[PDB]
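Structural features, examined
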Amino acid sequence: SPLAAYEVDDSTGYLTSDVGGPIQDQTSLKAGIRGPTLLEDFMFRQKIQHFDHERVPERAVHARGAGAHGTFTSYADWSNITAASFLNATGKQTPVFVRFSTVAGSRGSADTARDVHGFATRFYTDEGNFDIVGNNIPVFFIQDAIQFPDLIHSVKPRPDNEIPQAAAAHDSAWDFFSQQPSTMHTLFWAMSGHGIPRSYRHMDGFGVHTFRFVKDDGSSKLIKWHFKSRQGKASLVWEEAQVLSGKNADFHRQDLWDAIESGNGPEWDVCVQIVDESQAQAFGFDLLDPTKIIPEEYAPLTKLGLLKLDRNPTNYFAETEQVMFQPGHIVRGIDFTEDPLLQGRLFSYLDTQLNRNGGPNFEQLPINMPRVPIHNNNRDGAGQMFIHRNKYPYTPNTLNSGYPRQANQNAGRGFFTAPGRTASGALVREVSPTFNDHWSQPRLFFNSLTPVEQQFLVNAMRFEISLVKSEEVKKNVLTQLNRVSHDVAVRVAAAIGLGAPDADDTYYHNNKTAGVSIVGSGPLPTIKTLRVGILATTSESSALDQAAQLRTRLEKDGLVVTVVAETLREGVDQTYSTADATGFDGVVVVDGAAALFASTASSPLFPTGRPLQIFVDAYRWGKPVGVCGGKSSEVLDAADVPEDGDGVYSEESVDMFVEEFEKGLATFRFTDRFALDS
Amino acid sequence: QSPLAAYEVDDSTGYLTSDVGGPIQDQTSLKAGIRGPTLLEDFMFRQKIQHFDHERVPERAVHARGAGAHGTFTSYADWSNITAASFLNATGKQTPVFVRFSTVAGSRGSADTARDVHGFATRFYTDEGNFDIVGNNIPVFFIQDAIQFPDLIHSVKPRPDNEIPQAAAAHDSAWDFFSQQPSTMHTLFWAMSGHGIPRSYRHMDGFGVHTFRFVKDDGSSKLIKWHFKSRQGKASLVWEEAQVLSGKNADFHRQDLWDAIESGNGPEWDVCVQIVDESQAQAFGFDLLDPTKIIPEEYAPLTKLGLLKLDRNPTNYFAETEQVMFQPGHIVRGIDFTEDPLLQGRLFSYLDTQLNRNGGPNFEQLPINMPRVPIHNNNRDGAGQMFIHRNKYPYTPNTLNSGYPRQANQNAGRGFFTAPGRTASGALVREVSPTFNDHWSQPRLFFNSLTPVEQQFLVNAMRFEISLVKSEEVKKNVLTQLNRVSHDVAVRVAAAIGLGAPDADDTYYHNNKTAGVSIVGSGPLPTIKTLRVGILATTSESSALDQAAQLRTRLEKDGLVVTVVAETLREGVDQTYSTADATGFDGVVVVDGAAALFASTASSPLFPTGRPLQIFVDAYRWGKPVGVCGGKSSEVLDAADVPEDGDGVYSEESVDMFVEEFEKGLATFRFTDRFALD
Amino acid sequence: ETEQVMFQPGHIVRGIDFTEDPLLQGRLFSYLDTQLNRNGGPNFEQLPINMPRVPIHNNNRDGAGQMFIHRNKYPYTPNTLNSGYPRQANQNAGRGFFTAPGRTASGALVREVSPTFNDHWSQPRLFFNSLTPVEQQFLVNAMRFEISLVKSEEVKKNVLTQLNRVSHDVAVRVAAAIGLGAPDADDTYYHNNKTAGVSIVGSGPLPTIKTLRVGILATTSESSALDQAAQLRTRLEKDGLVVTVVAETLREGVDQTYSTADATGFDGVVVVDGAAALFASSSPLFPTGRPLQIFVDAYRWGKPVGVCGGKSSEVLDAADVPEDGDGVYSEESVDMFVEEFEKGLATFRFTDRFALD
Ligand code: HDD
Ligand code: HDD
Ligand SMILES: [Ca+2]
Ligand SMILES: [Ca+2]
Ligand SMILES: [Ca+2]
Ligand SMILES: [Ca+2]
Ligand SMILES: [Ca+2]
Ligand SMILES: [Ca+2]
């Protein structure tokens, strides 16, 4: 690890300058006790110069994000399908670093914005660093990389006033979506729960593009990368996400950091779909088109290995802020395809690191370094940290005996372009007609959602498009939505007081695909790390005893228990003042605390009605809620929460209460609490 | 015409060109065949993507989140009797300005409504050079020596292992620093008051913080404090409102300012000074060099120098607001520095830090930084040099350029000059003046000057933040410092966190008060123009829409911003219930034709369960004027648990009588009787 | 290493301090700032050549190019969450740097020059008086060279005004080259004082001749010339001189061709007398007259020169070099030749070969 060598311990010692001279840094040097500061105060200037220069440009996209270290372990020797060294043996372990992100927001924007999310993975392999720079949505908005600045200018804030932050809910974004119909598939995913995932751990990763697996014999197959969550799939609801953005902008980064610290590091199966080169145009679309998925019914997933994140960074800036991913970080055994989106990405990620790092030696930062020797004739540049011993860095040479030697298909385990690849035809700036169906797959996706998930997606579009001020953009939006689904256009039009266009059935169909629905993906496979708020009181000795019994029972099963009361003490984690329903996956009231839920309840220690609002918000957002103790009746009445409700619990016995409540936590959301269009 | 019209680029017509004027396209990559790989010879692709890849610059090291506008400063008099400053030398003399407002801790995407200190930075483009006053909305600063700035800022910014939490002092490190560095107490009390969560940039004041000098053409000097006094009045959010608003509208302050300017409600401030003699530096019971102290207005009254009005929004946010580079080193003849060790070190920081932001030394050439008078100097070259200098002899002294440019000084060329009565005497020391040692009296002065509900809000802010501090040593240390300002504050805060306050230490306790620091105490707002009224209506009753239309006409006559809310958009409805929130309004009105939407059984797929009532309830609980217009008020007020006889609760059949009452409620702004007191 | 080394007078250690020299004072600012230009970022002290050889303990963080992974997640002072580390270093603890505690300041805040700085001419005259006569001539001749290339007549006149304040004789001798009259003597700062240690010509023979360069001019024509050169090489290399044998073409024992050779390549030049024919009144292998020109240039520039082997008149007469000149050597004995020649290398320059005013 080039990180180990660069760790700096300041647990002991006297303060020094950056050149090791012991100094102080608390008072400026002045001409007299009430005098002006001296230019000769080098202690002042070195410290303030460093401060003045701490910042670097944020990433042009995915500025908001968080990372962790872990390991990838291969399940098999995959030599039969790829030459890739990190996949060449059962049990072979490769260190990883992953960064998760949103896309549009700046640094400091909220984790729980509605957005596409990044899932970028570095494998520090024994044949070089290999990055899979993916997203949580398997399809992209655009079909050619040259359009990326158009997409991103349109979804980022309007450039006269820089409003709005971290949101596509503005005219320019919906203008672009409605004028560039390729956007429909990713737009449908972003308007689904996939736009507001419950955590980084509860979302999948996708390479998006078709890539190639290349064997040592030169043969190739076409692949798609899928990183399948072992925590299950889960979403927030929009109203909840909006509050959580305010209450805790750091929710996803905190969730990941806490899961790793608690020994619950998240896991994914790293999978591929594998298909023959001859199938590029066999599935009714082009595998070069990054707006399309291969339905799992046409190509099943093969599990290649386990990705586990299990160690947080030491210094966020040095590791997470400075990690510089590139799809150009490729290894022998993998190749590109002629996807015009992927093709232009390769240029962008090498160039942009010059902006971020301010100079060309960014691969020398410890987080970017490889775990194998570097042998090349790259030299000099600002921030050069190496002292090269070869004073003949040119090829061909005799004065360094021909080293470094060329690597290729037959030498030094070189990367090689898949030798079956060809190109033929005119040099054109033309789109393939095979890319022209922008609407069938958006429909496939929409069909594959549950009825309440379809409603959530319609309601997300109703929310955003109602904030578009241009009547002509809103009309154009309905024109494009109508090509995917007349019913979606009609339901969205109803919220904005416009008429939908007449049905246009060209791309309408009834087909569905497995594995894209969140609500449909069944109970969560584990409830470890899920958050339980216990609403108690210091008023009643019994209320703190009830809380402490629930705590033992719930903590047994790996739940993160927060006991909330008016004030802190032994056994109480948080005050009502700091508590919010967005902080919990389920909420339990101990019946000992009933008096806090009365309409007349008031305290200077928390805002009017806070205890009941927590319970009501949790219920209205679909969470498991209940009252534990015996007068379960009374609290449920104040909340207008029906005792016979799905995901509403009411037990005198703590043992019975928890057994029922933990099933609700796995169900995770009670969708019968949301109204559907007729 | 904008003051920067010479630099404007119009793209309302024309064909796409490269940056060198070659007509091009930018929508499809050049490929070897229609399904081929992209070509390196595609310069169209690479120039567009290189530009995109390099769009970002480092955010400001502090004050990264902010927003700006153009306007005019107008002098009320000829101030040559106190200052040589040209921009102040005649009655009615006009100078263009640019102002940026900001928070301090958050990154450039963080919420406007975080609790924080705020920036108020003003550039005067004077006829004798650019003059900047780089101020805050709080008149005192945390620390007494610039060399400590990185300590303060590291402690309040996110913890550097995981970069949590964003835009908040509510974590261990910050309260560790506050409790170990007692100078922080005065600013801390201001930040924990409503001055930490201002209602808008227009509803806060600006302060230079430091003592400066005014210097006459005869060389005599006076000591001054700058105060920019809002002509809009002072107003705050409540914390539990600010937290939701951070999620519902991270852009609230920048939108409020932008909208005020577009509506012809450009905000205004009286630019004022306190003026005292050089002999009064240590006359008021503290040192005028100490930036943790105010001069109570009872000791030195404000003199109004002129009017600051902001009335023009930027054309390009990045080019004007993101790129504006303020400096206290931007000083003009007639002003001088003081030996305040905080101001002293700032002068270094703001010249250096622009190298980080701009990437090169020619940042004063950016349009927003250029002066409006000629530049004559021997500065040359550097990256990004825009000027073509004719003078081939840029050294002094010269004969080959006839001795030009000529030296400017007190006696020639209207030169800047150091106040000539200034001296220094004594040892060259890294020592703090004992005159700086009282860190507690003025925090007590401030606390004493707040109303009772205001004192409660400040206690509650401290209770909120300190309850989130994990360390029991840090919480005890915080109570030790707060106890030196006020035993009552320490006891009340300690009650929320389950510790005992230490015994009273009355060394610094006193009962003195000072005018002009209280928000609650500053009486009704002088204008209600721009304040926001939400009218909750329904499409289900044509008569509810008629009530809303009649209310709109009458409220808009008085310059209120009216939003009619209903289930769906149509003519006369601005916003759906789905996108509406009480944080969007300064007052809420329900038309009694919509009373059915407030029923417990009310449900719609078009908005979250209970949304209409929650808007009314939140508005009431946050202290806003609320009412029901039309005569049938019982169903709504009873559903909301709001008493018809409450102060700032309105029930009238007559639209005219409703609006007359409700408008007095908007001027009152907050009904503080709805908040519990210890 | 060399291009990236970033020196600073702000790189100071306990036991050294600054003075109020206004030139030094402003340097402290410049050298910290300028490394931002060179490095493009604030972490230039992390470059290997700039790193210290002792631990770094401070709360500097982040910046482009940050190489460290800091473990201390509480980088502020004062702190309890990192137990108050790093600790402040000062005069009394941790071997801190400290400003000399006797230093004071007193007076107005001024942009004024100390009148104690105003004598700009006495020390130039002290320096000039301390040079030997030939060295004064060299200095006059450097000023005559440079000032003759100044196009402005008024600049040239202003230069003579200032030079005249140091020395009227300098002004007169410079003026003679540029066709101007010197201004009348102004004796305010004239004096006859001298100081030791500033003269090069007067600093006596070099204390070592190791590394000094001896060019041996030979020929491939005459196998005996190559034999003479080989014998001379052996004798000179024994004493640590760097020997170059020059001939028309390369072969074993010949280092350079006459085409690439120049008198500026040598501190001393020896012709072996077997090569005397090359010193007469042409070849496609080198420019016309090259062998003789190397000898003549070496002589004109003051170097020790000579002929080894016993026959010197043909070479020295072709060169217009007198056999009895100081720093001109002729011996048949290689040992004798080298003993005499080495004394000449230590003398280094024979300054009797330069004309004086
Ligand atoms: C032509 C430009 C372009 C295009 C078409 C894309 N991107 Fe990209 N992307 C960039 C240009 C870029 C960039 C400007 O080069 C960034 C900013 C920071 C960086 O390292 O690269 C970036 C960053 C970035 C990151 C953040 C990595 C990190 O955490 O540091 C992720 C996850 C993605 N992108 C993912 C994608 C996916 C899955 C794409 C489509 C399949 C995609 N991008 C298309
Ligand atoms: C020694 C360093 C230091 C100290 C003691 C302070 N600041 Fe500062 N401040 C900076 C170093 C700095 C900076 C790093 O130089 C920034 C970042 C961006 C910039 O141009 O300057 C800055 C930015 C900055 C801005 C943003 C200007 C804009 O909108 O672009 C404001 C309003 C202030 N500061 C105000 C203050 C006030 C009122 C202070 C105390 C009275 C103060 N700062 C002390
Ligand atoms: Ca827009
Ligand atoms: Ca969902
Ligand atoms: Ca740079
Ligand atoms: Ca190849
Ligand atoms: Ca902390
Ligand atoms: Ca307040």
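**Description of the overall build of chain C**
Helices and strands together make up the secondary structure of chain C, namely nine helices and eight strands. By the compact-globule yardstick of 21 Å for 357 residues, chain C is too spread out, its C-alpha radius of gyration being 30 Å. In terms of overall dimensions, chain C has C-alpha extents of about 90 × 60 × 35 Å along its principal axes. For chain C, buried positions account for 44% of its 357 residues. If you sum the accessible surface of chain C, you get close to 18800 Å²; carbon and sulfur atoms cover 52% of it. Both charge centroids of chain C, one from 32 positive and one from 43 negative side chains, sit 12 Å from each other.

**Re the overall build of chain B**
The number of helices and strands found in chain B is 16 helices and 18 strands. Its C-alpha atoms give chain B a radius of gyration of 28 Å, within 12% of the compact-globule value 26 Å for 678 residues. Its C-alpha atoms put chain B at 90 × 85 × 55 Å along the principal axes.

**Some thoughts on the UniProt feature "binding site: Ca(2+) 1" (unreviewed entry) in chain B**
In the numbering adopted here, UniProt assigns the feature "binding site: Ca(2+) 1" (unreviewed entry) to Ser236(B). For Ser236(B), the contacting residues outside a window of four places in its chain are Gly194(B), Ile197(B), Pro198(B), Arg199(B), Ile519(B), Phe669(B) and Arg670(B).

**Structural notes on the coordination of the iron atom of ligand 2**
Reference values for angles at a metal are 109.5 degrees in the four-donor tetrahedral case and 90 or 180 degrees in the six-donor octahedral case. When only protein atoms are considered, the iron atom of ligand 2 has one donor, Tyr350(B) (OH), at a distance of 1.9 Å. Structurally, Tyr350(B) can be placed in helix 8 (residues 341-358).

**Overview of the interface of chain B and chain A**
Each partner contributes residues to the interface: chain B has 130 residues there, and chain A has 129 residues. Carbon and sulfur atoms supply 54% of the area that chain B and chain A bury against each other, a total of about 11100 Å² over both sides. Applying the counting criterion to the chain B and chain A interface returns twelve salt bridges. We note a salt bridge from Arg429(A) to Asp42(B), for which the minimum N-O separation is 3.0 Å.

**Digging into the site of ligand 1**
Inspection of the region around ligand 1 gives 25 residues, with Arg59(A), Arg99(A), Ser348(A), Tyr349(A) and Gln353(A) positioned closest. Ligand 1 sits at the junction of chains A and B, each of which supplies nearby residues. Measuring from a nitrogen atom of ligand 1, one finds a side-chain N or O atom of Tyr349(A) at 2.9 Å. Contact between ligand 1 and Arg356(A): an oxygen atom at 3.1 Å from a side-chain N or O atom of the residue. Here the shell around ligand 1 is built from residues that sort into twelve nonpolar, eight polar and five charged.

**Focus: the site of ligand 2**
Lining the immediate surroundings of ligand 2 are 25 residues, of which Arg60(B), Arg100(B), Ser349(B), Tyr350(B) and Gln354(B) lie closest. Site remark: ligand 2 is flanked by residues from chains A and B. One nitrogen or oxygen atom from the side chain of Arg60(B) is found 2.8 Å from an oxygen atom belonging to ligand 2. Within the side chain of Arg100(B), a nitrogen or oxygen atom sits 2.8 Å from an oxygen atom of ligand 2. With seven residues, helix 8 of chain B is the largest single contributor of residues to the shell around ligand 2.

**Re the pattern of salt bridges**
Residues and elements named next belong to chain A. Tallied over the entire structure, the rule returns 101 salt bridges over all chains. Two residues, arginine 491 and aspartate 677, come together in a salt bridge whose shortest N-O distance is 2.8 Å. With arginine 491 in helix 12 (residues 486-496) and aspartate 677 in the segment after helix 16 (654-667), this pair connects stretches of sequence that are 186 residues apart. Overall, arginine 491 belongs to the buried group, its relative accessible area being 13%.

**Considerations on the interface of chain C and chain A**
Contact with chain C, which involves 59 residues of that partner, is made by 53 residues of chain A. Of the roughly 5300 Å² buried where chain C meets chain A, counting both sides, 58% is carbon and sulfur surface. When residues of chain C are sorted by the area they lose upon contact with chain A, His57(C), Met67(C) and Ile69(C) head the list and together hold 16% of the total. The interface formed by chain C and chain A contains three salt bridges. Ionic pairing is found between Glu7(A) and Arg71(C), a salt bridge with its closest N-O pair at 3.0 Å. Taken together, the links from chain C to chain A amount to 26 residue pairs in polar contact. Of all the secondary-structure elements, those providing two or more residues to the side of chain C that touches chain A are helix 1 (22-39) and strand 1 (69-70) of chain C. Looking at which element gives the most residues to the side of chain C that touches chain A, the answer is helix 1 of chain C, with eight residues.

**Notes on the nonpolar core**
If you look at the biggest cluster of nonpolar residues, it comprises 119 residues, and the most contacted ones within it are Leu151(A), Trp174(A), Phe177(A), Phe188(A), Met461(A), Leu481(A) and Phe616(B). By size, the runner-up hydrophobic cluster in this structure holds 114 residues, among which are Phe584(A), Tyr649(A), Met185(B) and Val517(B).

**Remarks on the pairing of strand 12 (residues 423-429) of chain B**
One ladder, built from two bridges, connects strand 2 (residues 30-31) of chain A with strand 12 of chain B; its direction is antiparallel. Counted as the bridge partner of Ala31(A) is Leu428(B) from strand 12 of chain B. Relative to strand 2 (residues 104-108) of chain C, strand 12 of chain B runs antiparallel, the two being bridged by five bridges. In the strand pairing of strand 2 of chain C, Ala424(B) is matched with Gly107(C).

**Some details on the packing of helix 3 (residues 171-179) of chain A against helix 11 (residues 471-484) of chain A**
Residues and elements named next belong to chain A. Two elements in contact, helix 3 and helix 11, have axes separated by 9 Å at closest approach and are oriented at 40 degrees. Judged on the interaxial angle alone, helix 11 and helix 3 are oblique. Here helix 3 runs over helix 11; the crossing is left-handed. Between helix 3 and helix 11, the residues in contact are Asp171, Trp174, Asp175, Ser178 and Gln179 and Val473, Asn476, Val477 and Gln480, respectively.

**Let's talk about the environment of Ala461(B)**
All names here are of chain B. Position of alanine 461 among the secondary structure elements: in helix 10 (residues 452-467). Judged by relative accessible area, which is 5%, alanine 461 ranks as buried. A C-alpha to C-alpha distance of 47 Å links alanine 461 and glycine 219, two positions 242 residues apart in sequence.

**Structural notes on helix 1 (residues 43-53) of chain B**
Two residues of an α-helix separated by three or four positions point the same way, owing to the 3.6 residues in each turn. What helix 1 of chain B keeps buried is the set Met44(B), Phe45(B), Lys48(B), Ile49(B), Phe52(B) and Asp53(B). The buried residues of helix 1 of chain B occupy an angular sector of 145 degrees when projected down its axis, which confines them to one face. In this fold, the buried residues of helix 1 of chain B make contact with helix 2 (148-155) and helix 8 (340-357) of chain A. The backbone nitrogen of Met44(B) lies 3.1 Å from a side-chain oxygen of the residue at the head of helix 1 of chain B, namely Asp42(B).

**Thoughts on the UniProt feature "active site" (unreviewed entry) in chain B**
Residue and element names in this part refer to chain B. Per the UniProt entry, the sites bearing "active site" (unreviewed entry) are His63 and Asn136 in this numbering. In sequence the annotated residues extend across 74 residues, while in space they remain close, none of their C-alpha pairs exceeding 10.2 Å. Tracing the sequence through the fold places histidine 63 in the loop between helix 1 and strand 2 (66-75). Locating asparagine 136 in the fold gives a position in strand 5 (residues 129-136). A relative accessible area of 7% means that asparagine 136 is categorised as buried. If sequence neighbours within four positions are ignored, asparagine 136 has contacts with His63, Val117, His118, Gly119, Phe120, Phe141, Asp205, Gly206 and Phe207.

**Regarding the packing of helix 1 (residues 42-52) of chain A against helix 1 of chain C**
With their axes 11 Å apart at the nearest point, helix 1 of chain A and helix 1 of chain C run at an angle of 20 degrees to one another. When the interaxial angle is binned, helix 1 of chain A and helix 1 of chain C end up roughly parallel. Relative to helix 1 of chain C, the crossing made by helix 1 of chain A is right-handed. For the pair formed by helix 1 of chain A and helix 1 of chain C, the contact residues are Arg45(A), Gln46(A) and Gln49(A) on the first element and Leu28(C), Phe29(C), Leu32(C), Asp33(C) and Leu36(C) on the second. When grouped by side-chain class, the residues that make up the contact of helix 1 of chain A with helix 1 of chain C number four nonpolar, two polar and two charged.

**Digging into the sheet that holds strand 15 (residues 575-576) of chain B**
Residues and elements named next belong to chain B. Taken in spatial order, the six strands line up as 15-14-13-16-17-18 in an open sheet, and their pairing is parallel. The open sheet has two free edges, formed respectively by strand 15 and strand 18 (649-652), since each of these has just one partner strand. Here strand 14 (residues 561-566) runs beside strand 15; their pairing, made up of two bridges, is parallel. Bridge pairing in strand 15 links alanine 566 to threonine 576.

Here is what the cut-offs are and how they apply
Residues numbered from 1 in each chain as written, not as in the entry; some residues may be left out. Chains lettered and ligands numbered in written order. Part of a larger assembly, values for the part shown. Heavy atoms only, no water. Residues with missing side-chain atoms left out of burial classes, pairs and counts. Helix = DSSP H or I, 4+ residues; strand = E, 2+ residues; numbered from the N terminus. Rg over C-alpha atoms; globule rule 2.2 N^0.38 Å. Buried < 20%, exposed > 50% of the residue type's maximum accessible area, 1.4 Å probe, protein only. Areas by Shrake-Rupley, 256 points an atom, 1.4 Å probe, with all protein chains shown as cover. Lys, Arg positive; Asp, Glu negative; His and termini not counted. Charge placed at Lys NZ, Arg CZ, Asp CG, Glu CD. UniProt positions renumbered as here; feature names shortened; annotations may be inferred. Contact = heavy atoms within 4.5 Å. Donors = N, O, S within 2.8 Å, 3.2 Å for Na, K, Ca; no water. Buried area = accessible area lost by both parts, 1.4 Å probe. Salt bridge = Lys/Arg side-chain N within 4 Å of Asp/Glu carboxyl O. Near = heavy atom within 4 Å. Polar contact = N/O pair within 3.5 Å; in protein donor to acceptor, adjacent residues only side chain to side chain. Nonpolar A, V, L, I, M, F, W, Y, C, P; charged D, E, K, R; others polar. Core = buried A, V, L, I, M, F, W, Y, C linked by side-chain atoms within 4.5 Å. Pairing = 2+ DSSP bridges. Axes fitted to C-alpha atoms, helices over the stretch in contact; angles between N-to-C directions. Parallel < 35°, antiparallel > 145°, perpendicular 65-115°, else oblique. Left-handed = near helix turned anticlockwise from the far one by under 90°. Arc of directions from axis to C-beta.

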